[PDB]
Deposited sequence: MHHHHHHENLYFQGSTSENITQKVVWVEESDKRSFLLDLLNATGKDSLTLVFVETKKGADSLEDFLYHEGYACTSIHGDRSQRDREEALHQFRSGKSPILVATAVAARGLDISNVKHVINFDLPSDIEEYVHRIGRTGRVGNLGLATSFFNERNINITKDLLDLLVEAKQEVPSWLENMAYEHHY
């Protein structure tokens, strides 16, 4: 159970995810930001977007992993060897809660709190109730919208 990972689930429309990611990145870490996306093409295109924004980043979908650790590339974009990152960003959420749990486990260590931010929209209605129940048992912030969509 994930009480020691602060989880912020926010509503982001698909067309808003990229500028919301830039505001979030600025808002939040000098390194070890891990951003999960749904597809290989998505990983690829997001890395390029970030590049043209001026953010040093890599993607995986050894070099890449070796840049992440050194903090030469503060951002690693990955699809579906990595733990104790400073921030996990679920740019796309997965279709089941177990996979959510696996991904958020990559932030935090014993004696410290992790941080995981997840973007959610109508595409994610399938995981609504499971995410709600997980947030409640982990005593995390639950957005009014999530509660009302689960019902």
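According to the record, C-alpha coordinates are lacking for deposited residues 1-15, 44, 78-85, 105-110, 182-185.
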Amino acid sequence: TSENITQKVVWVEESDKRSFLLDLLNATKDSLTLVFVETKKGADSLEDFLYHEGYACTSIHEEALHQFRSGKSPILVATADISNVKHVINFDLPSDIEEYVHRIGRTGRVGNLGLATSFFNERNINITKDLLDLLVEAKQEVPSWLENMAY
From here on, numbers count along this sequence of modelled residues.
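Annotation for 64-72 versus 35-43: the higher mean temperature factor (C-alpha) is found in 64-72. In this PDB entry, the Cα temperature factor of residue 52 sits in the bottom third of its chain's modelled residues, the lowest group. Annotation for residue 28: C-alpha temperature factor in the highest third relative to the rest of the modelled chain, per the entry.
Remark: residue 109 belongs to the lowest third of its chain, ranked by C-alpha B-factor as recorded. Residue 82 sits in the highest third of its chain by CA B factor, as recorded in the PDB entry. Annotation for residue 58: CA B-factor lies in the highest third of the chain's modelled residues.
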